[PDB]
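Residue numbers (UniProt numbering), protein chains in the order written: chain A, 25 to 282; chain B, 25 to 282; chain C, 25 to 282. In this text, a Cβ means the ideal position worked out from N, Cα and C, and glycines have one as well.
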Amino acid sequence: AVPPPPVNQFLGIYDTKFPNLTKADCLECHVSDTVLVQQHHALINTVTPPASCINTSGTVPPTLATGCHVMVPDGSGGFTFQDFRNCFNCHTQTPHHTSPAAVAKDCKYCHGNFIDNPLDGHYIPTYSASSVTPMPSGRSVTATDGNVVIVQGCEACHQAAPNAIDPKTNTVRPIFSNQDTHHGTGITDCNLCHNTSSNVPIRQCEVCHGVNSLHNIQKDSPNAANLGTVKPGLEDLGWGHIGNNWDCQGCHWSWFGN
Amino acid sequence: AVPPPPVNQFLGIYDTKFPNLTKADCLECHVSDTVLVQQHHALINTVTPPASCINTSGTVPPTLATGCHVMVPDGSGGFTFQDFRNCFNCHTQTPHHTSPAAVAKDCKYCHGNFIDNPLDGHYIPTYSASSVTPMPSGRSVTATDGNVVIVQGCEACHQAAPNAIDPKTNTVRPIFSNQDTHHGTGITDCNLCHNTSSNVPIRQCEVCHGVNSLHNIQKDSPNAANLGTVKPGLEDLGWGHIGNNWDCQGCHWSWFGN
Amino acid sequence: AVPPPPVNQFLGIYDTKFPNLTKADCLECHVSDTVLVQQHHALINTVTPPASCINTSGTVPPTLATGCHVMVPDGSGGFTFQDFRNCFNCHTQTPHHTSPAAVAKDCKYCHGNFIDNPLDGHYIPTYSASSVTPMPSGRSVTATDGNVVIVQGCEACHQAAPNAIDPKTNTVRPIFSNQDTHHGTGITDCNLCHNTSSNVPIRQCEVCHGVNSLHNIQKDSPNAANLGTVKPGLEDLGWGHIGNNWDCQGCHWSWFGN
Ligand code: HEC
Ligand code: HEC
Ligand code: HEC
Ligand code: HEC
Ligand code: HEC
Ligand code: HEC
Ligand code: HEC
Ligand code: HEC
Ligand code: HEC
Ligand code: HEC
Ligand code: HEC
Ligand code: HEC
Ligand code: HEC
Ligand code: HEC
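So, in structure tokens, the structure goes:
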């Protein structure tokens, strides 16, 4: 839980925050309200008795069986409408991960090629080796500058910086560690992440974090005489997984002695 | 032009008839003849040469410049007075809608809060949406029982029943459709009702039929466990605009398939 | 360069091929990959800045100063790993004979007792005799069946059969003659094999091919009433150096007249 000497890059797909900490700017993947209107009202024709245009039950999750629109009273009556421009008045949760996809475990669809589908049949390593092997959360060792630092694992650099971020959007989006961005999705299938095969700490994650998908996650170089087609060697320290030998060492070896 | 399964309620402000079909019972808003006497003769002192107490021109509209009282001859002379107890011998038209109010477009004054003043600056919807939107006169579609019925519009239930009414007064007062109760007021300002902005059929009416004023028009429930403070949900079918989802569907959606 | 009437036995220590013609079955003397993993990754801790886990220089000989693992791109990126299961992707040469042993001339270590260490101080014959003496490559004489055959020398039966072999492994392993299996080891120290002492053709080889080590090289008998503890007499024709008088004659005498 300590970023590279370059601050933990976030040119990846999703900022690691819980869904609730996303802004009302879901507009990039849900293009605009002008299409969202029909994207919602198309659902009224789904049921033969149409979906109630008004939400009289008041349940914060508006099941289409109930309604969406809520009419809140005002001074001297004045029934008004709470809101439908912002998205966090009715969804207010993880809307995805309950969809049809992420129920047949088709997580790769809509999560990018960063991940392999947990049922894709990709290559998982069969050998029971442990000499140079990465572990979830890694382990800690004393660095050359005294500070106890975690090495040989995903938590060696995937870290929770909650305070100072400056992503492209240039707001504050608090980064979160693992075991809350994966549990914050609200899935309850422990067979997926925490099965009990092989008694190797990383072989559970190897499903949908496979070898051929983990050794491709690399962003562009600032100055490495390539400026394109990132070579797996000869790159900056951080900026991905297969960039510089420092990365391979941080996830595979100790990189701080032992 | 077909009422709800409950006959088109008329607990609203005005029965939709033309002014002429009103009875001589203007007494509720013009309290009594005992005050109407001075309400009229007060106007004689307005002009410095007083208003002629007799109407010698015989013009059915008695301009105060002319007189009001008419002396009709009888058998063998016998000059008598036609009448001044009934109101339809001299007014016989729409007296309002030519007043100072309804000339500065202050229609809300004396028409209730049902309407917004056409110059009130109330909220008109700016988005050019059409998926679920109401239109004047609506459109027709085949109902589940064969009869072609109009839906998605004001004319979906605002209807001309000319024959059998039974209002509170328990007389026969023939209800009239739109485009004659609005034109029967005799205003000639087409800029008001039929302007040519936005090319949306209901955005013209949105002036003085606004969103915040149309979603409040709701009468009391017969049996909906409230009997007071009508909730926008959980009410009888008819009885207003924001009573039951059936209403919202009748004016917004189709409510009969498509 | 003609084998005994029994095909040139190969129950000896090493098949005479160059290192490259060895199969990926180095497993017998390097027991298994399961130990080879730590046999390699133990070397990363040797240097204080660890050995780069990735080979970015692309030099086919992977100096530990460089790395070993190479990531070759694929269709649409797809960085994959070339191989590390097979041994001929990185060694591809004579790996031995550059080791610490075979640099202090400790060739006997890891070559068996077949050889004496070139600095062992073993007995070399001091007498300048030539009557019955063996020579490298021998000399040729006409056999009893017309075919010119080489006799009185090591090349009298140490021969290059490149085509049909059938060793224990039962594959094809092309046997090679001398001056390429000794030069194919890639040593450049001519002082060792081709010194200029005594002007006797075999006294150069006598270093690390001494008398007491050359007169012990004998395999088991097929049928010689011993079937164990091979007697230097009374054995089959071939099958070693001190087996039958035919052997002593082939290396010492002519055995075909003169
Ligand atoms: C949940 C599936 C809904 C039901 C049932 C209904 N509406 Fe809806 N509506 C919903 C959302 C998420 C939004 C926001 C759209 C946006 O761009 O933010 C809306 C919006 C409207 C609007 C505004 C029109 C616009 O262009 O912004 C209207 C007039 C509207 N909805 C009407 C409406 C009616 C009449 C319904 C009953 C037939 C109805 N909605 C149901 C979600 C949902
Ligand atoms: C409450 C009024 C809502 C708000 C605010 C937003 N959404 Fe919504 N959304 C709502 C409901 C009731 C439903 C469907 C419920 C069901 O049972 O399916 C949805 C659905 C969507 C969908 C998926 C549509 C589908 O094909 O099933 C999308 C992509 C979606 N909503 C996007 C979205 C966005 C971007 C919003 C902020 C502008 C938003 N929704 C707000 C109810 C409500
Ligand atoms: C430091 C060398 C790291 C270690 C150890 C691990 N990861 Fe990593 N990862 C690292 C960087 C610099 C990035 C790019 C960040 C970005 O957002 O651009 C990544 C990215 C990922 C991703 C992509 C998702 C994303 O938000 O970008 C995944 C799915 C990922 N990393 C997984 C992962 C796993 C499972 C690890 C332990 C086996 C792990 N990473 C270790 C840097 C480092
Ligand atoms: C039009 C503005 C009028 C003029 C000019 C005059 N009168 Fe009138 N008068 C008018 C009305 C509408 C009525 C009906 C009042 C009612 O309650 O129905 C009347 C009535 C009278 C009466 C009856 C008195 C009564 O208590 O009912 C009288 C005696 C009368 N008017 C006299 C009168 C005179 C003398 C006028 C000239 C000075 C005169 N009126 C002018 C309307 C109008
Ligand atoms: C003809 C004899 C009339 C009869 C019958 C009634 N009204 Fe009248 N009314 C009459 C005139 C000539 C005028 C004023 C003309 C003008 O130029 O202003 C009126 C006016 C009124 C008014 C408004 C008074 C004002 O402040 O301007 C009211 C509220 C009114 N009248 C009511 C009224 C009622 C209820 C009547 C039936 C009982 C009635 N009027 C009859 C002439 C005549
Ligand atoms: C309540 C529903 C009403 C009934 C029934 C009638 N009138 Fe009316 N009238 C009403 C109001 C609120 C007003 C405006 C009051 C004001 O101060 O302006 C009026 C006004 C008139 C006028 C005045 C026109 C003018 O120039 O000011 C007239 C001439 C008039 N009313 C006539 C009239 C008649 C003949 C009616 C019976 C058919 C009648 N009114 C009924 C409210 C109501
Ligand atoms: C059926 C669902 C309706 C549709 C479609 C529209 N309206 Fe309506 N309206 C409806 C009822 C049952 C009532 C109460 C009737 C009463 O008189 O009590 C109303 C009332 C109004 C009113 C109040 C005036 C009145 O005389 O009561 C107004 C101004 C009104 N309605 C306007 C209106 C418009 C502009 C519509 C189309 C956009 C429309 N209504 C549709 C039932 C229904
Ligand atoms: C040359 C001395 C190497 C360096 C530097 C690194 N590795 Fe290696 N590795 C090497 C060989 C010859 C092999 C083959 C072992 C075998 O049995 O064939 C490997 C293998 C691996 C593996 C596979 C694990 C397994 O059990 O087969 C891994 C995961 C691996 N190496 C990782 C690794 C890392 C992370 C390194 C940098 C710290 C690294 N290797 C360096 C030779 C060499
Ligand atoms: C390239 C990825 C390699 C492959 C394939 C194999 N080996 Fe290797 N080996 C490699 C390097 C870079 C080194 C060390 C370099 C140095 O400077 O020392 C080695 C070393 C060995 C050793 C000796 C280890 C030592 O103590 O120094 C042995 C015994 C060895 N390698 C065996 C071996 C076998 C059997 C292989 C096929 C399975 C094999 N190596 C493949 C690089 C590579
Ligand atoms: C038995 C006949 C062997 C076979 C087959 C192979 N190797 Fe070997 N190797 C052998 C010995 C006895 C030793 C020395 C052991 C020691 O402790 O030094 C080696 C050593 C190596 C080395 C190390 C070189 C060094 O610098 O120390 C390497 C790199 C090596 N061997 C590679 C290697 C390869 C690639 C083989 C398959 C072609 C192979 N060896 C086979 C014994 C035997
Ligand atoms: C025919 C009589 C031979 C003559 C002449 C020489 N050698 Fe030989 N050698 C011979 C046999 C049948 C064998 C056994 C083969 C086997 O691989 O089992 C050998 C073996 C050796 C060896 C052992 C190495 C090996 O690969 O087995 C050595 C080191 C050796 N021979 C050396 C050698 C020398 C230096 C010779 C000339 C002085 C020579 N041999 C002659 C048969 C015959
Ligand atoms: C964390 C994101 C990693 C980084 C950085 C590197 N590797 Fe990796 N590697 C990682 C995992 C989770 C695994 C699977 C091992 C297991 O037991 O689950 C691997 C595996 C390898 C292998 C083995 C290949 C095989 O087929 O088994 C190799 C050869 C390997 N890794 C090489 C390697 C190199 C050279 C790296 C630096 C460029 C490197 N890895 C970084 C996780 C991560
Ligand atoms: C006819 C009297 C209507 C009934 C019954 C309902 N609505 Fe309505 N609505 C109506 C109009 C004329 C408009 C304006 C749309 C335009 O383009 O002019 C609307 C608008 C809405 C909106 C949009 C709110 C906004 O700020 O734009 C919503 C959310 C809405 N209406 C909801 C709604 C509900 C839930 C209803 C049933 C209780 C309902 N409307 C009934 C006309 C009428
Ligand atoms: C080739 C592998 C040989 C075979 C087969 C036999 N001998 Fe040998 N012998 C060989 C060499 C290279 C030498 C050294 C001679 C030199 O000048 O370098 C010898 C030497 C002898 C000796 C001399 C012993 C001494 O102390 O000098 C004897 C007595 C001898 N050899 C006997 C001998 C016998 C009896 C053999 C058949 C069983 C025989 N040799 C075979 C090489 C080879």
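Is the beta carbon of residue i within less than 6 Å of some heavy atom of ligand 1?
i, result
"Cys53 (chain A)", "no"
Near residue i, what residues of its chain come up, given a Cβ to Cβ distance below 6 Å and the 5 sequence neighbours on each side ignored?
i, result
"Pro225 (chain B)", "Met159 and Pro160"
"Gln106 (chain B)", "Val94 and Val96"
"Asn268 (chain B)", "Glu259 and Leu261"
"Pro186 (chain B)", "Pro198"
Skipping 5 residues on each side, what residues in its chain have a beta carbon closer than 8 Å to that of residue i?
i, result
"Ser152 (chain A)", "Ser222 and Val224"
"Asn247 (chain A)", "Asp260"
"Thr205 (chain B)", "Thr40, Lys41 and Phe42"
Taking the alpha-carbon of residue i as reference, which of the options has the nearest alpha-carbon?
i, options, result
"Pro198 (chain A)", "A:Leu60, A:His182, A:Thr212 and A:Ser76", "A:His182"
"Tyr147 (chain C)", "C:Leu45, C:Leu238 and C:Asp260", "C:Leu238"
"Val127 (chain C)", "C:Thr157, C:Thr212 and C:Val175", "C:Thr212"
"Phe42 (chain A)", "A:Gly257, A:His121 and A:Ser278", "A:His121"
"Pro256 (chain B)", "A:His233, A:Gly101, A:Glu52 and A:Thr70", "A:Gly101"
"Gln203 (chain A)", "A:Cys178, A:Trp279, A:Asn194 and A:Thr195", "A:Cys178"
"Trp279 (chain A)", "A:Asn240, A:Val165 and A:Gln62", "A:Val165"
"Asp130 (chain C)", "C:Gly136, C:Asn141, C:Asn137 and C:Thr157", "C:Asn141"
"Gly99 (chain C)", "A:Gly264, A:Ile78, A:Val173 and A:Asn240", "A:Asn240"
"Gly136 (chain C)", "C:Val61, C:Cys232, C:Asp169 and C:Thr150", "C:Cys232"
Does the Cβ of residue i lie closer than 6 Å to at least one heavy atom of ligand 4?
i, result
"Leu67 (chain B)", "yes"
For a test of your reading of the model: does the CB of residue i fall under 6 Å from any non-hydrogen atom of ligand 9? Yes or no.
i, result
"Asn171 (chain C)", "no"
Is any heavy atom in ligand 14 found nearer than 6 Å to the beta carbon of residue i?
i, result
"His64 (chain C)", "no"
"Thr40 (chain C)", "no"
"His265 (chain C)", "yes"
Is residue i near ligand 11, with its Cβ less than 6 Å from a heavy atom?
i, result
"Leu35 (chain C)", "yes"
"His233 (chain C)", "yes"
"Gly257 (chain C)", "no"
Taking 6 Å as the cut-off, is the C-beta of residue i nearer than that to any heavy atom in ligand 5?
i, result
"residue 16 (chain A)", "This structure does not reach residue 16 (chain A), given that chain A is present from 25 up to 282, and the question cannot be answered."
"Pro43 (chain B)", "no"
Within the present structure, is the beta-carbon of residue i separated from the nearest heavy atom of ligand 12 by less than 6 Å?
i, result
"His146 (chain B)", "no"
"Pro160 (chain A)", "no"
How about residue i: is its Cβ closer than 6 Å to a heavy atom in ligand 6?
i, result
"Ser123 (chain B)", "yes"
"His207 (chain B)", "no"
For residue i, which residues of its own chain have a beta-carbon under 7 Å away from its beta-carbon, when the five flanking residues on both sides are left out?
i, result
"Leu88 (chain B)", "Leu67 and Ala75"
"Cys92 (chain A)", "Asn79, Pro86 and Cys114"
"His218 (chain B)", "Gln228"
Return yes when the C-beta of residue i is under 6 Å from any heavy atom of ligand 8, and no when it is not.
i, result
"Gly136 (chain C)", "no"
Does ligand 3 have a heavy atom nearer than 6 Å to the CB of residue i?
i, result
"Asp204 (chain A)", "no"
"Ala184 (chain A)", "no"
Using only the heavy atoms of ligand 7, determine whether one of them is closer than 6 Å to the beta carbon of residue i.
i, result
"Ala180 (chain B)", "yes"
Kindly give me the distance between the Cβ atoms of residue i and residue j, rounded to whole angstroms, as I take these residues to be in contact under 8 Å.
i, j, result
"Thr46 (chain C)", "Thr118 (chain C)", "About 10 Å separates the two Cβ atoms, so there is no contact after all."
"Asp57 (chain C)", "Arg109 (chain C)", "7 Å"
"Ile174 (chain C)", "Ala25 (chain C)", "7 Å"
Worksheet item: Along the chain, which unbroken stretches of the alpha helix (DSSP H) at least 4 residues long are found entirely within the segment 35-118 of chain A?
Response: 57-65
Discussion item. Under 8 Å, CB to CB, which of the residues in the segment 209-236 of chain A have a partner in chain D?
Written reply: Any reference to chain D falls outside this structure, whose protein chains are A, B and C.
Worksheet entry | alpha helix (DSSP H) runs wholly inside the segment 147-196 of chain A, at least 4 long, in chain order | none
Discussion item. Ignoring anything shorter than 4 residues, give me the alpha helix (DSSP H) runs that lie fully in the segment 222-273 of chain B, in order along the chain.
Written reply: 235-238
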